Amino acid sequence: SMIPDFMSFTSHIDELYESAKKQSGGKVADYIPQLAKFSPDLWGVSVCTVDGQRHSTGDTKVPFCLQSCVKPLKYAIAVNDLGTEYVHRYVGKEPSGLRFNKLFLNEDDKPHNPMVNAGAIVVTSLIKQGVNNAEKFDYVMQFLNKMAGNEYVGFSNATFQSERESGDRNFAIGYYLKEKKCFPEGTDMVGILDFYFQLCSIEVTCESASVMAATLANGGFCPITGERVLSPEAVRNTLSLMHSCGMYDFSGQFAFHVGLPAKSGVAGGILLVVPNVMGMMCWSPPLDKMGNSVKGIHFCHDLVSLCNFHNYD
């Protein structure tokens, strides 16, 4: 461990939190009213160590939607249940060339990776096939509860309804993937879209999410229950792709400067993993031009430059 005194570490998290707090730039997402509602001043950071030690500061009990933060989690589930090889017959393993989610496939007509919409849509089609959407949803909720050691995991029906109604681009992607035969045989593509919108609409708090991150940090064992949630293979794949593909078009800079597996989402969440050390969830709705939470980005840079957490430190 690189944290001898947890309490002193705590004291530093608070200092970084406080420094990030002064960063007021960015714009709260407003493509649906359920995101536009949110106050720009909301800002929470929660830590859950591999030990099971906890620390929160700021708004760490206000629920918000995982949104793209869910992409690594459902990917992790797919690999856990199906293994690396099956999953990757359907989706690639690396950063899309140009901009994030520009609607195309790789040389093999597979979405580039699970962290872009096309890829997450396909991953969604792989999970618990055969059963109805209601059972699919329950199965995943249950899985996230395990990842979160039974802490806050809810569902925003209003976000779901708005996502489905306004999600023209995701429908375009759905039909495109159908044309290119990207789904396993017998897939109801529209039903898969619905399931996808639902998954984006799952709600968490910084506190519960940090436990999910910590489970990934802990080889797939939930640090506050001790139970095995994910296969080692699942964790490793997920971390690799979070490392390279997790921060939209900022993934490259993030890997270089921060060097940690992370996944941002349009609600302003940033799911952060320090392998063998801790999980974290940082949350603040206002987003930069690349769609990453302004405060969270700032906090991540400061955290690594302070605690020498970079992959290659």
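Note that the rigid core is defined as the largest set of C-alphas that superpose within 1.5 Å between two forms. The numbering used is simple: start at 1 and walk along the sequence shown.
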With the rigid core as the fit anchor, does 89-97 or 214-222 show bigger C-alpha shifts in 9 other deposited structures of this protein? 89-97
Which stretch is more displaced from the shown form in 9 other deposited structures of this protein, 105-113 or 126-134, with RMS over structures and residues of Cα positions after a rigid core fit? 105-113
Stretch with the greater mean C-alpha B-factor as recorded in the entry, comparing 92-100 against 157-165: 92-100
On average, are the C-alpha B-factors higher in 48-56 or in 278-286? 48-56
Return the residue from 205, 113, 106, 240 that has the highest Cα B-factor in the entry. 106
Where does residue 71 sit by CA temperature factor within its chain: lowest, middle or highest third? lowest
With respect to C-alpha B-factor, does residue 23 fall in the lowest, middle or highest third of the chain as deposited? highest
Consider only the C-alpha atoms of the modelled residues in this chain, order them by B-factor as the entry records it, and name the third containing residue 297: lowest, middle or highest. middle
Comparing against every modelled residue in the chain, figure out the third that the C-alpha B-factor of residue 221 lands in (lowest, middle or highest). highest
Relative C-alpha B-factor of residue 229, binned into the chain's lowest, middle or highest third: highest
